[PDB]
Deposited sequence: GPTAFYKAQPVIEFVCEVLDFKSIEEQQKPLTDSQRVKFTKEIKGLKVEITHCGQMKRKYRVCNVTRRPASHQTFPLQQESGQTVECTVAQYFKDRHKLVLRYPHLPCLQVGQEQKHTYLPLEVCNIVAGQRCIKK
């Protein structure tokens, strides 16, 4: 019988996946086990971003990063952390630097989005 994921912040989504009532029950990085579990649930879902104003760009998740936003880097040739880049480009100080990022789009484009700036898009079937 068809059911659709509730449209909601990805932070709340990972709480429900990992069985916290609040995200504060996780004030450290995910274990590998928790990452794998989360990845299995969110991979293939669309999310939309929240940090660029009314430009709510939509992406599909292809992976969850193995590093917290505070340590995950991408070739910016130099390297920048995601948490830093979101400081240096969008002037947002990540509230959850220790949680990983969603990788979206084509893998080669190394687009990482903090869980913080993503909402689950409405209307997608939960199987």
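Stretches with no C-alpha atoms in the model, relative to the deposited sequence starting at 1: No C-alpha coordinates exist for 1, 78-83, 135-136.
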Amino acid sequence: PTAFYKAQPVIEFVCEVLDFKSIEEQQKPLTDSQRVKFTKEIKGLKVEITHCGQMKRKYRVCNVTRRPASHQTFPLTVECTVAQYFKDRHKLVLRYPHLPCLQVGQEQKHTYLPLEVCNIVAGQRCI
From here on, numbers count along this sequence of modelled residues.
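Higher-scoring stretch by recorded Cα B factor average, 28-36 or 91-99: That would be 91-99.
Which of 112-120 and 15-23 has higher mean CA B factor, as the PDB entry lists it: Result of the comparison: 15-23.
Given 49, 76, 61, 69, the residue at which the Cα B factor reaches its maximum: Within the set 49, 76, 61, 69, 76 shows the top C-alpha B-factor.
Lowest, middle or highest third - CA B-factor, residue 80: Highest third.
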